[PDB]
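Here is what each chain is made of, one letter per residue.
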Amino acid sequence: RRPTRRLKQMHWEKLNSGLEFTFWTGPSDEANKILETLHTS
Amino acid sequence: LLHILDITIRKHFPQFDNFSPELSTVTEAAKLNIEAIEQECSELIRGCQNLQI
Amino acid sequence: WXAXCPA
Amino acid sequence: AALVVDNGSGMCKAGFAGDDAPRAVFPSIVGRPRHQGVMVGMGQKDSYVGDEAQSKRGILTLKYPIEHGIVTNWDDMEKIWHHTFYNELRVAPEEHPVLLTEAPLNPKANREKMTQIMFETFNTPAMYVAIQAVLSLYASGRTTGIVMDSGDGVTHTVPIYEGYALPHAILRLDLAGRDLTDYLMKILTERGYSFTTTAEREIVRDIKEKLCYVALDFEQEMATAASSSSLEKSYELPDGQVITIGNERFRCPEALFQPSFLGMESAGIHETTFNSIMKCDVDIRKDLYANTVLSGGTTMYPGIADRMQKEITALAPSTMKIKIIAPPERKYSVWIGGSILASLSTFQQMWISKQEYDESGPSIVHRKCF
Amino acid sequence: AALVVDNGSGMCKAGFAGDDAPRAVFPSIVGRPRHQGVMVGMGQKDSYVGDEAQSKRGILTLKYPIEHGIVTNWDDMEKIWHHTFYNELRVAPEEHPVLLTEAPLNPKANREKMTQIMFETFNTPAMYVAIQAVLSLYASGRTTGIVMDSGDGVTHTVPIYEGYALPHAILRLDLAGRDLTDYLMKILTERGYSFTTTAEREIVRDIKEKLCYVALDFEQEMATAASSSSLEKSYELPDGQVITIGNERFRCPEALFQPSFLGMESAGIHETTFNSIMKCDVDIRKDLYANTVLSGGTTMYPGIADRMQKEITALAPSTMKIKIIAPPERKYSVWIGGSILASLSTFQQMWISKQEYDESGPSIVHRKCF
Ligand SMILES: Nc1ncnc2c1ncn2[C@@H]1O[C@H](COP(=O)(O)OP(=O)(O)O)[C@@H](O)[C@H]1O
Ligand SMILES: Nc1ncnc2c1ncn2[C@@H]1O[C@H](COP(=O)(O)OP(=O)(O)O)[C@@H](O)[C@H]1O
Ligand SMILES: [Mg+2]
Ligand SMILES: [Mg+2]
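Here's a quick rundown of the structure.

So, how was this worked out
Residues numbered from 1 in each chain as written, not as in the entry; some residues may be left out. Chains lettered and ligands numbered in written order. Part of a larger assembly, values for the part shown. Heavy atoms only, no water. Residues with missing side-chain atoms left out of burial classes, pairs and counts. Contact = heavy atoms within 4.5 Å. Near = heavy atom within 4 Å. Polar contact = N/O pair within 3.5 Å; in protein donor to acceptor, adjacent residues only side chain to side chain. Areas by Shrake-Rupley, 256 points an atom, 1.4 Å probe, with all protein chains shown as cover. 1 Å grid on protein atoms, 1.4 Å probe; cavity = no way out; pocket = protein on both sides within 12 Å on 5 of 7 lines; lining within 4 Å. Points joined across faces, edges and corners; volume = space filled by probe spheres on them. Helix = DSSP H or I, 4+ residues; strand = E, 2+ residues; numbered from the N terminus. Nonpolar A, V, L, I, M, F, W, Y, C, P; charged D, E, K, R; others polar. Least-squares fit on C-alpha atoms. Buried area = accessible area lost by both parts, 1.4 Å probe. Salt bridge = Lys/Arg side-chain N within 4 Å of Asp/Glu carboxyl O. Pairing = 2+ DSSP bridges. Axes fitted to C-alpha atoms, helices over the stretch in contact; angles between N-to-C directions. Expected span 1.5 Å × (residues − 1). Buried < 20%, exposed > 50% of the residue type's maximum accessible area, 1.4 Å probe, protein only. Patch = residues over 30% accessible without salt bridge, like charges linked within 9 Å, V, L, I, M, F, W, Y side chains within 5 Å. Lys, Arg positive; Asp, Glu negative; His and termini not counted. Charge placed at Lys NZ, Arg CZ, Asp CG, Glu CD.

## Here's the deal with the arrangement of the chains
Here the protein chains form five pairs of chains in contact, of which the pair with the most contacts is chains D and E. In this assembly chain B lies apart from chain E, the nearest approach of their C-alpha atoms being 26 Å.

Written out as structure tokens, the structure is:
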């Protein structure tokens with residue numbers, strides 16, 4: 001889901017190292033619950 | 001931005017309400033210099049092996 | 001007062 | 001036996017070289033009667049000096065001859081020295097050299113005045129004058145370090161090296177025991193106790209020395225004191241009245257670390273010590289951090305060693321190691337260090353002989369003993 | 001409208017916000033008949049409060065509920081406030097907020113009970129406590145200066161650089177109009193007049209208010225009075241006798257500048273002003289010197305402003321200029337300043353609401369008010 005209007009842009013630093021080593025790659029079911037709750041909260 | 005995250009977590013995410021009491025060793029570890037500690041211990045090894053010879 | 005003076 | 005007379009704003013300690021404790025320790029006050037005398041034949045004196053003034057302090061106006069480290073009355077200072085030798089010590093200075101102690105960053109006028117007064121009124125054969133802060137480390141047994149000299153005058157932080165005082169690195173601080181005593185009675189009026197006269201100032205000083213202490217955490221202690229009555233302690237006045245102080249115990253000594261309570265812009269003794277160290281060279285910074293020594297009666301509060309160590313640790317880099325040395329004899333550290341220096345065999349070399357003084361004049365004190 | 005009640009040690013002034021003068025001004029005395037009622041025709045009330053007691057002061061033991069600015073008897077204070085709102089102001093406190101005044105450096109229990117009484121006995125919608133000296137500066141249209149307040153119990157010097165007073169430089173002395181009254185009747189016995197009872201105390205206060213004056217040069221004036229005549233004034237007592245006072249005219253006000261006559265070690269009213277200024281910053285000292293303001297009934301003597309200026313000039317450096325401001329209506333300066341503060345629109349957010357007091361109890365007065 002995308003907003004209908006442009007909003008404040010927060011800037012992060014991209015991980016130079018491979019994302020496979022990071023925990024972001026791991027598709028745990030807990031992360032999926034966050035997206036579902038956020039879309040309905 | 002962060003102040004909404006407080007009310008957002010409290011209203012819908014009760015499990016994330018307070019993580020600071022859960023994790024307290026990290027704050028204590030923030031008062032110590034890793035490089036200085038590593039150098040300090042490494043000095044002890046160098047001194048003793050020089051003592052052995 | 002309590003200690004000192006009269007008040 | 002060379003006398004070691006350590007004049008001070010609050011108390012003056014006198015004794016002999018080689019002893020481990022001063023022979024006479026009496027308050028440095030000169031009181032005069034403010035009421036006319038009605039009983040004749042008593043032979044009452046005109047001025048009372050030392051313990052006599054304290055015993056009869058009810059009918060006297062106690063005036064401290066030394067205020068903020070500078071002698072504002074050179075006529076009363078001679079009275080105290082006269083009382084120290086003939087009365088308390090009962091030794092004539094004719095056959096005993098006298099060692100005096102200065103204060104850091106002392107004006108040159110006081111240096112010559114002390115030499116001139118004693119070499120003529122008392123005509124002692126020899127003299128040597130040393131810094132109080134320098135002697136503080138000598139008693140502890142270490143020659144290199146930073147001394148947090150505090151007392152009833154002005155707090156001084158003197159980072160001495162090889163037994164020599166660094167002139168540029170000395171930082172002054174007016175926060176002393178007298179300021180806390182004046183601040184204690186200002187906050188004691190919140191409970192209904194009114195001490196205003198100079199006679200009652202001595203009473204408040206007794207309260208400060210017995211009940212006051214330094215709390216490790218100010219914010220945590222404030223809530224505990226208000227909630228429960230455990231921290232309250234009872235003190236008895238000379239007239240028999242019993243007083244109770246609840247949270248003034250850790251609020252008066254706290255003014256040392258937070259001078260904003262008294263309205264002074266200068267930082268506390270925790271930051272002044274750190275600032276003085278930074279003024280020194282980088283190479284000798286390692287030695288001074290691990291050889292800091294407290295001295296004087298002001299630093300005798302319980303828990304001041306722990307509070308100082310914790311607060312200076314955060315300001316100092318994590319690499320630096322903090323070791324606050326607090327000997328139990330720090331009240332007489334100035335005098336004990338003086339006795340050690342006097343008893344040295346090599347100490348005879350830098351005497352200021354009476355014969356040499358006449359040919360050179362009072363100006364010899366600046367160049368001979370520095 | 002908000003009632004502005006300025007309770008004082010000698011007199012209490014009550015009125016309305018925005019007015020230029022207090023509505024009711026009556027003495028703050030509560031008297032009880034020591035004799036036994038013999039007749040039954042009249043009511044013969046248990047106690048009389050205010051000017052009612054003054055008229056019948058012959059047969060009553062007048063007692064002041066306030067001594068040195070501290071309410072000693074809270075049972076009588078409730079009588080006075082009940083008399084102010086229901087007999088003099090004839091208004092219901094339940095509808096109008098009440099503004100009170102408290103002297104600086106007072107016990108915390110003094111202003112804690114004031115909040116409790118207001119919010120539980122009279123059920124006032126709002127309340128506030130302000131320093132007496134701070135309001136005295138507002139009446140003069142200034143926000144930077146030093147106020148020399150002096151009444152019956154307290155003589156406090158409060159240097160106010162900005163809208164808020166400086167807390168660390170406030171000096172308070174327990175020498176005021178009531179102390180001089182006790183001294184006037186002590187030296188009046190030298191001429192053969194004896195005033196002992198509290199009823200006779202009110203006679204002495206009338207003599208002090210009308211004949212006493214401050215001499216520019218005490219030593220010179222004493223010699224002038226030694227030549228007799230040209231200085232003795234005749235006063236008529238309520239009995240009918242005529243009494244004459246000579247050197248007592250200026251001796252009683254001279255106890256202000258020389259408290260040694262009363263046996264108090266505290267400094268005079270001229271030195272305590274200079275000492276208070278010396279505790280402030282160097283930059284601010286210039287403004288405080290040129291904006292000195294007097295207030296209170298004690299400073300209403302003829303010539304006190306002239307004498308005070310001379311004494312401060314000698315102590316102060318000659319570079320600075322001294323300008324003592326003595327407004328004609330300085331007797332009611334404390335109330336007039338309070339009227340201005342209450343009428344301000346910004347002050348509407350500083351009131352202590354009834355609900356706010358309930359959640360925190362009486363202790364809220366320390367955190368909110370100053
Ligand atoms: N046990 C104690 N606890 C707290 N304060 C003390 C204690 N003993 C002395 N003091 C304070 O230290 C002061 C004594 O200072 P002192 O060290 O004699 O000055 P100097 O360094 O000039 O000799 C006294 O005024 C007193 O208020
Ligand atoms: N005209 C005057 N001359 C000298 N003293 C006065 C005069 N008027 C009042 N006083 C003194 O001022 C005192 C009261 O002054 P004031 O400040 O108005 O009341 P309070 O001190 O109760 O606030 C009285 O005790 C009286 O001695
Ligand atoms: Mg000292
Ligand atoms: Mg008043």
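## Observations regarding the site of ligand 2
Residue and element names in this part refer to chain E. In the vicinity of ligand 2 lie 15 residues, with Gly10, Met11, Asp152, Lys208 and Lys331 positioned nearest. Here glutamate 209 contributes a backbone N or O atom positioned 3.4 Å from a nitrogen atom of ligand 2. Within the side chain of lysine 331, one N or O atom sits 2.8 Å away from a nitrogen atom of ligand 2. Its free accessible area being 570 Å², ligand 2 has 89% of it covered by the protein chains.

## Re empty space enclosed by the protein
The volume enclosed by the largest cavity comes to roughly 80 Å³. Taken together, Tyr64, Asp152, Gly177, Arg178, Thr181, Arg201, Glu202, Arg205 and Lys208 of chain E make up the full set of residues lining the largest cavity. Every element with two or more residues in the lining of the largest cavity is listed here: α5 (177-188) and α6 (198-211) of chain E. In terms of residues, the lining of the largest cavity owes the most to one element, α6 of chain E, which gives four residues. Reported here for the second largest cavity is a volume of approximately 30 Å³. Around the second largest cavity, the lining residues are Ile146, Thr273, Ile277, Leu288, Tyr289, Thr292, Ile312, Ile322 and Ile324 of chain D. In terms of residue class, the lining of the second largest cavity is built from seven nonpolar, two polar and no charged.

## Notes on the relation of the copies chain D and chain E
For the pair chain D and chain E, the superposition axis carries a translation of 27 Å, the fit reaches an RMSD of 0.8 Å, and the rotation angle comes to 166 degrees. Interface residue correspondence from chain D to chain E reaches only 8%, placing this contact among heterologous pairings that use different surfaces.

## Points about the layout of surface pockets
Space left empty within the atom packing is revealed by a probe, the size of a water molecule, rolled over the atoms. Its boundaries defined by the atoms lining it, the second largest pocket holds a volume of some 1,500 Å³. When residues of the lining of the second largest pocket are traced back to their parent elements, those giving at least two are α5 (177-188) and α7 (218-227) of chain D together with α3 (108-122), β10 (126-131), α4 (132-138) and α14 (364-368) of chain E. Considered class by class, the residues forming the lining of the second largest pocket number 24 nonpolar, nine polar and eight charged.

## Some details on the interface of chain D and chain E
With 13 residues of chain D at the contact, the number on the chain E side is nine residues. When chain D packs against chain E, the two sides together hide about 860 Å² of surface, and 53% of this comes from carbon and sulfur. If you look at where chain D meets chain E, you find two salt bridges. The salt bridge partner of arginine 34 of chain D is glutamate 265 of chain E, with a shortest N-O separation of 3.1 Å. Joining chain D to chain E, the criterion identifies four residue pairs in polar contact. For the side of chain D that touches chain E, the secondary-structure elements that each account for two or more residues are β6 (60-63) and α6 (198-210) of chain D. Each residue belonging to the side of chain D that touches chain E can be placed in one class, and the counts come to three nonpolar, seven polar and three charged.

## What about the sheet that holds strand β17 (residues 324-325) of chain D?
All names here are of chain D. Across the sheet, which stays open at both edges, the five strands sit in the order β13-β12-β11-β16-β17 with mixed pairing between neighbours. Of all the strands in the sheet, the pair left with one neighbour each is β13 (171-173) and β17. On the sheet, helix α4 (residues 132-140) packs against β11 (145-149), β12 (155-160), β16 (292-295) and β17 and is oriented at approximately 115 degrees with respect to β11. The strands that helix α8 (residues 269-279) touches are β11, β12 and β13; relative to β13, the one it contacts most, it runs at about 165 degrees.

## Re the site of ligand 1
Residue and element names in this part refer to chain D. Near ligand 1 you find 15 residues, and of these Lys13, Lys208, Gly297, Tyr301 and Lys331 are the closest. The side chain of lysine 208 places a nitrogen or oxygen atom 2.7 Å from an oxygen atom of ligand 1. One nitrogen or oxygen atom from the main chain of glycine 297 is found 3.1 Å from an oxygen atom belonging to ligand 1. In isolation ligand 1 offers 580 Å² of accessible surface; the protein chains occlude 91% of this area. Of all the secondary-structure elements, those providing two or more residues to the shell around ligand 1 are β2 (11-14) and α6. Considering every element that reaches the shell around ligand 1, the biggest residue donor is α6, with three residues. In the shell around ligand 1, the residues fall into three nonpolar, six polar and six charged.

## Digging into helix α2 (residues 74-88) of chain E
All names here are of chain E. With 15 residues, α2 extends 20 Å between its outermost C-alpha atoms, agreeing within 8% with the 21 Å of an ideal straight helix rising 1.5 Å per residue. For α2, the complete set of buried residues consists of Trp74, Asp76, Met77, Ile80, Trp81, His83, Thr84 and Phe85. Measuring from the side-chain oxygen of the N-cap residue of α2 to the backbone nitrogen of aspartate 75 gives 2.9 Å; that N-cap residue is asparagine 73. Downstream of α2 by a residue or two, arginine 90 has a phi angle that is positive, lying close to 40 degrees.

## Overview of a negative patch on the surface
Judged by side-chain charge, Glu265 of chain D together with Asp281, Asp283 and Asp287 of chain E come together as a negatively charged surface patch. On the basis of relative accessible area, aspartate 287 of chain E is assigned to the partly exposed category, the value being 34%.

## Quick notes on the pairing of strand β15 (residues 242-245) of chain D
All names here are of chain D. Residues of β15 alternate between two faces, with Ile243 and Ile245 buried on one and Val242 and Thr244 left unburied on the opposite face. Pairing between strand β14 (residues 233-236) and β15: four bridges, direction antiparallel. When the bridges of β15 are listed, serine 234 appears paired with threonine 244. Connecting the antiparallel pair β14 and β15 is a turn made up of five residues, with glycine 240 showing a positive phi of about 105 degrees.

Read these as layout, nothing more, since geometry by itself doesn't imply function.
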